[PDB]
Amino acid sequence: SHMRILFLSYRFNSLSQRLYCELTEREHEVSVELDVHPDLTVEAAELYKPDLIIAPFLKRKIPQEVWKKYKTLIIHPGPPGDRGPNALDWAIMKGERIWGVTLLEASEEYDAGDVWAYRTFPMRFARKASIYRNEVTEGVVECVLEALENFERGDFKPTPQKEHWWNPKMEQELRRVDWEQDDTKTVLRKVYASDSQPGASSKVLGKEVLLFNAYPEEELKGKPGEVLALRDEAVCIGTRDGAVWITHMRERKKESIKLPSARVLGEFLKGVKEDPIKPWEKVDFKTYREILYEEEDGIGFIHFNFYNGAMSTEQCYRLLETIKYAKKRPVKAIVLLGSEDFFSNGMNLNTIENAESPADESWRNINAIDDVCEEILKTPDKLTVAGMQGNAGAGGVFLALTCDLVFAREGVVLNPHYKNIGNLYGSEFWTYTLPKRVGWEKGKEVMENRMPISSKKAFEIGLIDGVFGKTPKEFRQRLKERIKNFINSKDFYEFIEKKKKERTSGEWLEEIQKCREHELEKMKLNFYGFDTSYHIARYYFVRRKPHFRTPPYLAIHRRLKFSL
């Protein structure tokens, strides 16, 4: 059973990439056609002639010519019977306690097809994107694997829908936050239902904005709509009964991009006071903590909740400050945990795109990331560990590899390459860490592969040291147990005595300095050289520019030597 499977995806998004890894690592072939136009979708099917079509992320209706000829299954992010384009938005706005995902056949009527598989799950009070990347994605994987087994068996019949309901596209009027009428729980519900797109509209300091990444505040109080404080570029705003933090906003304009709230509001905030809390402080009320440092059982854990895993220059230096603090503490190990949804996606391309000089801001940002990496590497007397609870891409992968040990949750998707951002050389000391893990020949192959790999595949090729756990919480518990056991063994003390000798030696310090110098000379060429492919790629990415064809790295059926 080696199936030829065509994906129909609006973008090759997180769910599409996860399914690509699950199917190809089971020796199926997956070609992708991006959802650009029905004419191109029909052509892709006739070119590739798939055994099965899966649509992980659909914007347009699939043409009848296609799904009447090829068995075509659609992912719907609601339980059986739920129909409509905004299933998760409604489940969050209505406060559903149970939700689910359905794999159904394409049909003439919208979302009316017979059910191949479904999964249900309890809802969290959390952003839509977090539900999509965790509960929905895990359930969809189980559905698709079940359906492939059923498809190959050959006598399967799907289950017609019985009860069903329709929810239309959700209008912004429903999402709009009114500070005087809305209590904190209502503001959170609206922002969660609209994050990461399209955003919940509001007015803040007279500016029409879209709100993203909200957190409740229990200490600061004021008038509704009043800005109460700034913290790490997030703003705290009074609600009907309390206050909420908004970390990111977008102006309500076609060309504007998502940015830290302080950068969107700008001079309108003049006079607001910063209300800082250090990551290592303890507080007994709910508040916004971008970076959190906690110690348990001789292990110092650093959580860094950078929105979308994107690490701005200033976020990197706040992470650096926390790592330096941890290195002065009486812990045996330091664990970098990222956030539940992302370990890291490297430099923050949005704050780079927004800068007066994107090239200069890129230079600032890569030097700040390398300072984090260098601080991690130069830790002679403590174990360092990267715990990847969620996805990582580009420099975010190589940030993890600077740690002594890298572990990841099952189902994490890695993109250890720069092919989507103009072929940057990369830094983060990859020219030291990567050959140490996989060898030079394999390391070059890894960085030449533009397709994603799972954490299981990363473990199998030696890129990371272990993979375990199904949820972020299970992964964190198992990681803590594994590290606790290690640091309480004689093996740890022998390892640290070796590490102390290696990492204070002149030869090693010269080696990693030469690695940083060489990588940054190449990145300087990427950022400032006459060839501006990096800047063009960043613009297309950050501005979400549309596609007019599917590139052959995705579309096997559009490659030069393709036939049959």
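From 1 onward, residues are counted along the sequence shown.
- Two stretches are in play, 158-166 and 245-253, and the higher mean C-alpha B-factor belongs to 158-166.
- Higher mean CA B-factor, judged across 273-281 and 204-212 from the recorded values: 273-281.
- In this structure the maximum Cα B-factor among 178, 290, 404, 371 is found at 178.
- Taking only the listed residues 426, 346, 225, 380, the entry reports the highest CA temperature factor at 225.
- Split the chain's modelled residues into thirds by C-alpha temperature factor. Residue 436 is in the highest one.
- In the deposited entry, the Cα temperature factor of residue 336 places it in the lowest third of its chain's modelled residues.
- In the deposited entry, the Cα temperature factor of residue 18 places it in the lowest third of its chain's modelled residues.
- Among the modelled residues of its chain, residue 342 has a C-alpha B-factor that falls in the lowest third, as given in the PDB entry.
- Residue 325: CA B factor in the middle third of modelled residues in this chain (values from the PDB entry).
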